[PDB]
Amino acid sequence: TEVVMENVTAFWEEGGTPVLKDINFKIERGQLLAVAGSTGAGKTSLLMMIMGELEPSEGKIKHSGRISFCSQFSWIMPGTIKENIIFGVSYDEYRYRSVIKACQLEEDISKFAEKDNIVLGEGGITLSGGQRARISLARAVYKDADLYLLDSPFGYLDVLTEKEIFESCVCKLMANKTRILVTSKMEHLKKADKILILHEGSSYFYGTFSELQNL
């Protein structure tokens, strides 16, 4: 197993309301876990526990190795689009190009005369929300890691572009990698190896899409 939570409960504030309550799941190496639930359900807080930023008050957690995290809030730093995606990791042309194709960024980049050297974050280009989201996702996917934590990464995308990038990036390009994707979309839940739906900190459902259909 690469990631396990067993009977996990946690609090952000000593003696507040628990942000996660008796949570259970397991992901084997290379699988995809979909994490769903309404705002404030605890999805980002669950990822923070995996990243060691929130400690359990009850229960056990297993994970090892390097993490790459994609925030639900896209961001860019001053530098070229290539520098933003590689973000300090060593460069490889094939890997970089594979990521930007999987993220549909090749189309955007081909329209600038400076191509991958277009400068972001310095008052020239103002990117759209969807462009900034795809760059943020590409940054997280380019990094080599044992576990990818993708927190609602499809912000501002129309539903067909979201579907296409889910399929080319999260399912195909990342097929061999352990992934946790925070997402609400039916096709993502259907393609995941497991689904965890959170509601106000609790496990509303944990199992497969097939199991849920049989209910």
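Take the two forms, find the largest set of C-alpha atoms that superpose within 1.5 Å, and that set is the rigid core. In this text, residue numbers run from 1 along the sequence as written.
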item	value
Which of 100 to 108 and 116 to 124 strays further in 7 other deposited structures of this protein - Cα RMS after rigid core alignment	116 to 124
Core-fitted comparison in 7 other deposited structures of this protein, 125 to 133 vs 78 to 86, farther C-alphas	125 to 133
Mean Cα B-factor comparison, 77 to 85 or 106 to 114, giving the higher one as deposited	106 to 114
Stretch with the greater mean C-alpha B-factor as recorded in the entry, comparing 58 to 66 against 37 to 45	58 to 66
Maximum C-alpha temperature factor, selected from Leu189, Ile50, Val182, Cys169	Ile50
Residue with highest C-alpha B-factor in the PDB entry, from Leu147, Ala175, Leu150, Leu160	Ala175
Third of the chain, ranked by Cα B-factor, where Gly15 sits	highest
Lowest, middle or highest third - CA B-factor, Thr126	highest
Ranked against its chain, the third holding the CA B-factor of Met5	middle
Modelled-residue ranking by C-alpha temperature factor, third containing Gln72	lowest
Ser136 - which third its CA temperature factor falls in, relative to the rest of the chain	lowest
